[PDB]
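> Here it is, the structure, as structure tokens.
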Amino acid sequence: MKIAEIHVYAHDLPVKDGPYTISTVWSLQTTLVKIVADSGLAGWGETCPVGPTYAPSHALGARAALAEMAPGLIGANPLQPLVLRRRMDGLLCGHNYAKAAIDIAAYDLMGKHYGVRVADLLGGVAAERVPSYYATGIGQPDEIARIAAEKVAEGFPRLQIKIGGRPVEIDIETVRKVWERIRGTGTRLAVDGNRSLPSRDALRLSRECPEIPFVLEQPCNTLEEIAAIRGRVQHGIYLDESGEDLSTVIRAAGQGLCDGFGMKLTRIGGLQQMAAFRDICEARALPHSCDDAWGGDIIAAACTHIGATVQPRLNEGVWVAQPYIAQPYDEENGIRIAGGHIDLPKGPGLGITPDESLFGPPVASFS
Amino acid sequence: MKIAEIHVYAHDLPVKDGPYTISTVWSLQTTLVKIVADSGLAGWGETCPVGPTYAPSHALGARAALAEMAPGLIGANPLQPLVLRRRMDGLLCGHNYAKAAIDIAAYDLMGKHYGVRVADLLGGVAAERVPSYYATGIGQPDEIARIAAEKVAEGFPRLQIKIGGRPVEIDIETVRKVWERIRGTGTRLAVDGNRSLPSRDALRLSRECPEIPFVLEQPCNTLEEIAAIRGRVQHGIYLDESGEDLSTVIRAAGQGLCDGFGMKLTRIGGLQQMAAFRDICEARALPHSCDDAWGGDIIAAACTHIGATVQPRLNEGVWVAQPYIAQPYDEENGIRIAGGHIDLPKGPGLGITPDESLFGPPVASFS
Amino acid sequence: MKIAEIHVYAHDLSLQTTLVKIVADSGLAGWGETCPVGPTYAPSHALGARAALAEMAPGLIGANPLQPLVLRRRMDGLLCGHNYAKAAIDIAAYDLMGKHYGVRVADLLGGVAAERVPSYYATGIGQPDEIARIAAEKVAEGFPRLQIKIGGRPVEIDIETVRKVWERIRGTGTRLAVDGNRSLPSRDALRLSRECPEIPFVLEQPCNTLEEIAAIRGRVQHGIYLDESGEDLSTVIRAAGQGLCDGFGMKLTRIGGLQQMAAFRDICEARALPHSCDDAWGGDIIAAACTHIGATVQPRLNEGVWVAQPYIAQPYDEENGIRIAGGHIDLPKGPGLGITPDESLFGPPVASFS
Amino acid sequence: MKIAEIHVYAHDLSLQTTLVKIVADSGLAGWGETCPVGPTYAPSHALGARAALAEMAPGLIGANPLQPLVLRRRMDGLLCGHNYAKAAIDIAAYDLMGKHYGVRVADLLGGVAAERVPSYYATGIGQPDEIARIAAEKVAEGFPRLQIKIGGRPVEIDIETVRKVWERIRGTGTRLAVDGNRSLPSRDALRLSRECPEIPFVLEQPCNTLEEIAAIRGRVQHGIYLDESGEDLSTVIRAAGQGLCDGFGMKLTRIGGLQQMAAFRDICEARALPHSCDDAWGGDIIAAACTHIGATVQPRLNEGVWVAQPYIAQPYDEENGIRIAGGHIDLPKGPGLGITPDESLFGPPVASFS
Ligand SMILES: [Mg+2]
Ligand SMILES: [Mg+2]
Ligand SMILES: [Mg+2]
Ligand SMILES: [Mg+2]
Ligand SMILES: [Mg+2]
Ligand SMILES: [Mg+2]
């Protein structure tokens, strides 16, 4: 097989009952990639930054990066994801979030070609139904507590409470009121500082609440700050935004700098790298989620496929933007949350067939 | 431009309702510097140690250091603060507190020359009104608690409780009674040991009060002692007196030895170095104050100008001695606390025009 | 698809190799192999291999052989450790997968990065002049890398050997490794490197434990590679994350199979740590497995694939077995491992499970 | 004063450079530039530059261009990362500031410490004898420092190049840097330093990651400089505070502009860490910006300002553009950057915002 065509698409996704406050976002522009083989067989990828301020990545940026690489990828074998990743690195440094769109499209194409689900190309389906988790927005303490209780009732096995960007007393009150509503339900709790807490405040949050079993997710902006407070914090600490590449994961795992990860597939550079990430975590019993920043059926299915291969006791869940998205790409097999969990699609490849019409004509085509 | 004249002045400032107990001080002698350019344009600086025992600096010392350097500064370009600092280092080693008086006078002169506020020469005004904080003296627990409540009512967003020099049980009682009066007002709390606590007592203070959200400011005498207890202390620790120069700040930030700073402008050597200090803290999300030991309108305006450039979420405030000083240098635009905050002066340079007569004739003049 | 039968074979090469044949419901078969290089090199041996396989086999009947990670966890649920035995099952399943999808194993592990894989030649211990001659002969045959085995005798002799080998190969563009095979006290590893700064070897597993290696690393100016100490992925992660070594000699059977070997490769690539893809010993089946993972390694980080072929008289597959040619190995063309063993050579299974 | 217009230009040099023109309400204009040295040197590229600028520009209209730190925070509020693009806006604002106050940019960054700024010459990869000749020719032209690029081939050749260059320049008082451009495995970086103690190079960014550099630093007796690893001020603070390097090659666009470059300079000066003030590539505008910050560096710590000028046929400003003369660069005399680009050379903007 050989890549004959690459098509790049721009597409809008508005948030139902927005805004979503982390980066505050009111609507999203996702970028889709279609790879077409010699045989006419096609595979789909997707990348969608959650606003331009959450990570060093944006929509205009994804398309420029993809247009930079695409002519150099015509003629490449799409059935060789590691060889393909190296070829990409030879065309553009960094830009993992754009390279991930190509990597996903290639696995989709591989699965369709061999007649196999992407999860089975990544080591095999460990669970047909994968846990998810609900991430609350920043808001009033009592209202976040009400939402938390409602989501536990829906069947979510884990909740992530977003905090920061305001006095930490309010964050602390939110955490306590949420715990009061969900204690004794067996629901797991994460508190996500989204890089916004000075060490002063991360120390206070943990010191004041030893009896509340949260993990502190990316509380500070840099890995250096996190490494400095770790010894003084008795709650587990997870890395998210700091987990920028496999090399950094190796540093954090090998030097014992964290107790887990919230990992985004686009950030690490795609499924080839994500599988290696998964294996490092499993060797060290580090729980992790398999998420992305945002996006529709394509990126959501990719996250679900890698999530289905994770050892169940280490699976902190797969987050998807589906509940905030009005129009799915695939009304028949698209990714849906049901009872706080996600059923893996049953068909070959990602198991998703995008209604290509929805996206409009490509903003760029390459052959 | 060139420096034509440098004039050094000695001037007394008595503390209203003194003494102020940290070093116990009953009145203060400040030192002022006037730099006069070829064009006759003038700029003002000030340095005022808070008694001779708080830091390795004193009033007689400032004037001897200034007289040592001044003949070597005639003819220098006052519009080049880094070049000027290097020229000073070539005349006298150390003595940052005296070099700072010259540095401030040079920025004042620059601002007047270009028609720009000093804060806009330091990166720009981030806030026209800067927060301040109130520092209580050492005293009886109930009385310090009463004062704390009164200052919160005045609008101070942060309080610093001075402790030490007596059994730590009394310091601990003070902290608890203050917290009882201000809890739930959103007021931030610092406890300043002013180098006086053995590690034994700093450990006890933090261990006994996990539920009281203070930061522990310079609890022990040396940075070495602080580095040794850090891992065992669950409250944030700020450096003050230990932050002697930019090199030490780089050590503390880069090795993760503290969670913030109380920084004095004269100690670091002036505004050129203070701006670099600010940038290091901002890169690491380390909150800090912009203070000095003491002094009137000149040094207070200099602290306020650098304070106005600090990222608001990292600004622990600007401390000034104004409420303890009877006669301001500038009755029209001089620095005043109002509602626990300080309005930045609106005019060019420091925005301060000292009533030169107040100071008396210079004790030393150079041309 | 499901595993319907597992057959275990014993075969002499001598060294006692152990072959595994996995048969699916369809009758489609995959082959694996494991062959400890004597019972004293590693915590592994031939009788142990067959015992471990006998322990796991009944609990693997009915398993899906197309899911290498799920299969590895299932094995872990039947027997702790024993990676050298688990590796035989893992290899057979990849062979079967490849045949099922009609794809080379290397293209199931990320893709072929090179059809011609470099090898390296490992000299046994011997007299300095004789080792130096063999070094020169092997360079002439095309091997791009030589590994000189030392230890078990006064280090003066090891140092003499290294200097004479270097005399012969300097300027040929040949890379040099000196393998202490866990046998040097720190005392001697320090002396070896201290006396020879102008000789560009890497020091491979000079000392017995990772602890001893971490203790001398700062005092040694030659790159240090881990071999025997790289017992599992967790230890690789420690060594890479804490900067305890500059490369690896990695054995497929030691790490537990191709699934784990692929993750090990990705860790090394992220940190620019060169490595070889070897095993202790064995014929076409284990040799093919090493060649396949070797073909996926970034060429600039590939220290080579070692195989026992030159020491083995009878290949399992006369047409397409692994052969060294010009110091390199060509990747087989066929699906799976690309190897088809003549089962008549092995005799009937010593154990069958169904 | 407020930003009223931002105009983005594309121009070939080939390398694709991107120019930015900021126009204030008064009509007063400032110029910036960013030009990645190919899309593979750094996580940056020309199409990416224009995309990032297009993302930020609308949100910058109305901003006060006389407040470089407030402006930087405002940019951060519009787009995370992308320092190489932010740098173009930062430079244009300093140019505008300088013109507004009638002051050279260097005197807005602390003051001119030298009117004549040292440069250094960077040899591309090539054959050892040819590189050695170019080294000698460039020393004769007056360059006080030479940087030799290596890697991407067997290290024996890099070592031969270094030795031949040294043969030619020893005794001329020329300083030497050897740049590995992220391409050496620890194995080879160790060998390079181990074999050449008598050659006084610093080893610049030998390995890909800061992690690998921290791991070999104690075993390497030559000074080590960071380049590509110095991605932001936070990483500089780590490297300086933990003693992970002995100096820096710093690129203005990588660190995000002159505001951050000034703080970086102050950190290096406090720790006596020598550094260069460079960028990837580009014409008079980026070259002038580097020269201005370079003119503020303590002379004893100034490793030089590199510019692409010798490789560029058409300067933007025929009268006062940046030129290398005698291995040094004279600081322009005029206000702002002291440069006045002939806009007719660039063609109309590819994007305009108002
Ligand atoms: Mg997160
Ligand atoms: Mg203090
Ligand atoms: Mg050869
Ligand atoms: Mg070995
Ligand atoms: Mg010279
Ligand atoms: Mg460089």
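Counting begins at 1 with the first residue displayed.
The backbone N, Cα and C atoms fix where each Cβ goes, and this holds for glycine too.
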> Need one residue: from C:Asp158, C:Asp179, C:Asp266, the one Swiss-Prot lists with C:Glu204, C:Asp227 for Mg(2+).
C:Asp179
> Of C:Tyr9, C:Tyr41, which does Swiss-Prot put in the substrate site with C:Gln147, C:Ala280?
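According to Swiss-Prot, the candidate sharing the substrate site with C:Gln147, C:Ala280 is C:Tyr41.
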> Do you know offhand how many angstrom separate C:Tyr41 (substrate binding site) and C:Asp227 (Mg(2+) binding site) by C-alpha?
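C:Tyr41 (substrate binding site) to C:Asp227 (Mg(2+) binding site), Cα-Cα distance: 11 Å.
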> List, in sequence order, the residues of the same chain other than C:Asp179, C:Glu204, C:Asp227 whose Cβ lies within 8 Å of the centroid of the Cβ atoms of the recorded Mg(2+) site.
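Everything else in range on the chain: C:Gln147, C:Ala177, C:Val178, C:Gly180, C:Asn181, C:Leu203, C:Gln205, C:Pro206, C:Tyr225, C:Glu228, C:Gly249.
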> Select the closest residue to C:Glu204 (Mg(2+) binding site) from the following recorded positions, measuring between CA atoms: C:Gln147, C:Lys251, C:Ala280.
C:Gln147
> Within 10 angstroms of the C-beta of C:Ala280 (substrate binding site), what count of other C-beta atoms is obtained when all protein chains are considered?
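The Cβ of C:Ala280 (substrate binding site) has 21 Cβ neighbours within 10 Å.
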> Tell me which residues of the chain lie with their Cβ under 8 angstroms from that of C:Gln147 (substrate binding site), as long as they are six or more apart in sequence?
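Those within reach of C:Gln147 (substrate binding site), by Cβ under 8 Å and sequence separation of 6 or more, are C:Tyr120, C:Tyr121, C:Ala122, C:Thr123, C:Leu176, C:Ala177, C:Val178, C:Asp179, C:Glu204, C:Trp306.
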> An 8 Å radius from the center of the C:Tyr41, C:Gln147, C:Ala280 Cβ atoms defines the neighbourhood of the substrate site; name the other residues of that chain inside it, in order.
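What remains near the Cβ centre is C:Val37, C:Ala122, C:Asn181, C:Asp227, C:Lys251, C:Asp278, C:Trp281, C:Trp306.
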> In whole Å, how far is C:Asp227 (Mg(2+) binding site) from C:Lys149 (active site, proton donor/acceptor) when you measure between their Cα atoms?
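Each residue's Cα considered, C:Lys149 (active site, proton donor/acceptor) and C:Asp227 (Mg(2+) binding site) end up 13 Å apart.
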> Restricting to the chain of C:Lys251 (active site, proton donor/acceptor) and a gap of 6 or more, list residues whose Cβ falls under 8 Å of its Cβ, or answer none.
C:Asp227, C:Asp278, C:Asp279, C:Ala280
> Among C:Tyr41, C:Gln147, C:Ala280, which the record lists as binding substrate, how far apart in Å are the two most distant Cα atoms?
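Result: 17 Å between the two most distant Cα atoms.
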> What count of other C-beta atoms do you get within 10 angstroms of the C-beta of C:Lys149 (active site, proton donor/acceptor), across all chains shown?
20
> Counting Cβ neighbours within 10 Å across all chains shown, tell me which of the binding-site residues C:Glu204, C:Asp227 comes out on top.
C:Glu204
> With the Cβ atom as the reference point and anything under 6 Å counting, tell me which of the binding-site residues (C:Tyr41, C:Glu204, C:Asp227) are near ligand 4.
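If the test is a Cβ under 6 Å from any atom of ligand 4, the answer is C:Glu204, C:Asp227.
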> Minimum Cβ neighbour count within 10 Å among the binding-site residues C:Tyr41, C:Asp179: which residue?
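Looking at the binding-site residues C:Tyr41, C:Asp179, the Cβ with the fewest others within 10 Å is that of C:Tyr41.
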